[PDB]
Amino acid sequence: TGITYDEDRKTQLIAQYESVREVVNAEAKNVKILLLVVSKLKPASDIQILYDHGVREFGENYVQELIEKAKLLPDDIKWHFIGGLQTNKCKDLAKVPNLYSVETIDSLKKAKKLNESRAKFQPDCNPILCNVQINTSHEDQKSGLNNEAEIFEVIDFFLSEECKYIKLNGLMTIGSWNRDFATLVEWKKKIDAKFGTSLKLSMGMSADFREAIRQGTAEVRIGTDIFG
C-alpha cells in the first residue's frame, strides 16, 4: 500500500527533483554523477513520492530516524548514512539490511566496529560501501579526519583481508562555510598514489554542487533544492 501522499505535493516535488537532475546532468556534460537525495527530517511520504517516480538512493543523518524509515518503505531503497557516526551506534546501523552506504567513517575504531557489527548481524548482505570523511576546512571541526598518518591507517584497514563486510568506496567532505573541493581532490591523489585505489569523491550540496561537479565529484548530496 505505501505511505499515502498528496498529489499537488507529488507534482511539485517530482518537478523540483527533475529540475535538479537536469542541472547536475548539464554541468556533468560541460566537463554518471550520483545524485544522492538527502531526505533527513523529511517525511516518509515525501520519500514515497520520489520512490514511486524511480529514485532509490536516499541520504539520512540520524540513526533511529533511518532505522524506522527503512521499515516503513520498500526494501530495495539504497540507504546512505551521512550523519555523525558514533562507535556505539554502529551495531544498530549494521542491522539494517539495505544499508547500502555509510559516508562518515572518520576513525579506525569506527571502521573496525562497523565491520564487526555487520559481520555479526548481516553476514549475507552486500558489504556496506564506505566513504572516509575528511575535514577539508583547515580549521577544527567536530567531524572528519585531518591527519595524514591517521587517514592512511584507516585506508590500510579497509584494504586488509580482515575488512570483509564493508568496502572502501571514496572520500567525503561537508566542506566549509572551491578550496574545500580542491583539498579533497589532493587527498584522493595522495591516497590513490600510495595505495593503488581509485577513490570516488562525495562533495557538493545544494549551495555548491555546480562547483563540485566542475571539480570532479562523483556524487552530490542535495536536500533543500529538491524537497524545498
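One-based numbering along the sequence shown.
- Count the deposited residues lacking coordinates between residue 31 and residue 32 and you get 4 to 9 of them.
- Comparing 161-169 with 35-43, the stretch with the higher mean C-alpha B-factor in the PDB entry is 161-169.
- Legend: mean Cα B-factor per stretch from the PDB entry, 122-130 versus 106-114; the higher mean is in 122-130.
- Taking only the listed residues 185, 26, 55, 191, the entry reports the highest CA temperature factor at 26.
- In the PDB entry, a CA B factor belonging to the lowest third of its chain's modelled residues is recorded for residue 151.
- In the PDB entry, a CA B factor belonging to the middle third of its chain's modelled residues is recorded for residue 18.
- Annotation for residue 175: CA B-factor lies in the highest third of the chain's modelled residues.
- In the deposited entry, the Cα temperature factor of residue 217 places it in the middle third of its chain's modelled residues.
- Ranked against the other modelled residues of its chain, the C-alpha B-factor of residue 99 as given in the entry falls in the middle third.
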